[PDB]
């Protein structure tokens, strides 16, 4: 008696709700800002089309065919084979990513609280940078705001696939999109549009000589798509026998890429208008956007609505993160859904506390040479586990299945896209990820 998405539209909304989150605005802004902008963008865009779309389809195909969790989908489709390592790494990557994801999601609830309590309406004397720096440097407060978010994340995954994840507000993600477009229009009028549009859309190939911008591009590509973390295999697992998988893949990435491009038109024109540097770091959007909201007469209302819609999309992305280990520990250890959700949830919360302290007391502590605790947990998950875990998934469909099985389960039997899709999984994606791995390291 295994669960499945009750409604018909629930699967694509859940996958979109998984993809559209903090990686589109927070991470995309500062990863693009410190990687040169336009040149990094085109490489990132080319990775999404060539590699992101096939892997999104590939993860959908594995889960729907096997109807099991992340690891058990490889045990059923290929028993006694080492392909399951991609499922193991994905479970670990979701564990690592969720730990610091809730921390950033704690920053959002804290800013939402301030707007709701009239704090951040006008500019504090320390400035929005000093207010942000002073808040992240505080040890206790972000832990408290990380906890509240994880509780809501735990609450939803414990309720179930049908009653919780499936039952979500359809309006919030378009509301967020409507709010981003309106904010993008306003940012063009601030005076830094030309400076920002040049940084964002005029390629400077000088920054392309470093092979690290490809690694950072493939990292943001897989992060924003929820790939390599067992999410889409799991959301594909609860899918009925008849459903259109290819169009879901293009809708997920197409909508997601639309949400990321608009986030660049809002941030970078606003960055240059304030005279800031695009390579500030993780707190780029937390120091820029409050500056921009304060320029608005009704900015407090804009800020309240902004951190509500963004917080809900971050809520749906973390729910898709927590669902992967819960699904594994349910089948493996016979844990109840509530027990697995609370246990893993509190565990991942404690694992994310070291990432939160790296912005304050633990700033000078590094694990990977030159990278603090937060940058090292992110780098291992995003830049190492996600591509390497995604390469094996591609090789799994390209060389572990017979072609008729892949095209049939992917519904690409009678189309030209099946030929280009198999080409990408067998050669394009695994070789390109390999070349990026060899070049960066």
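Each form is matched to the other, and the largest set of C-alpha atoms that superpose within 1.5 Å is called the rigid core. Numbering follows the first chain given and starts at 1.
Per-stretch RMS Cα distance to the displayed form in 5 other deposited structures of this protein, following rigid core alignment, is highest for 235-243 when 322-330 and 235-243 are compared. After superposing on the rigid core, the larger RMS C-alpha deviation in 5 other deposited structures of this protein belongs to 408-416, the other candidate being whichever of 47-55 and 408-416 remains.
In this entry, 156-164 shows the higher mean Cα temperature factor of the pair 343-351 and 156-164. The mean C-alpha temperature factor is higher for 126-134 when 126-134 and 109-117 are set side by side.
Between the residues 281, 254, 102, 311, it is 281 that shows the highest Cα B-factor in the PDB record. Of the candidates 169, 73, 317, 187, the PDB record gives 169 the highest C-alpha temperature factor. For residue 27, the recorded CA B-factor ranks within the lowest third of the chain. Only modelled residues enter the ranking.
In the PDB entry, a CA B factor belonging to the lowest third of its chain's modelled residues is recorded for residue 20. Placement of the Cα temperature factor of residue 51 within the chain: highest third of the modelled residues, per the deposited record. Among the modelled residues of the chain, residue 201 sits in the lowest third by CA temperature factor in this PDB entry. In the PDB entry, residue 333 places in the highest third of its chain by CA B-factor.
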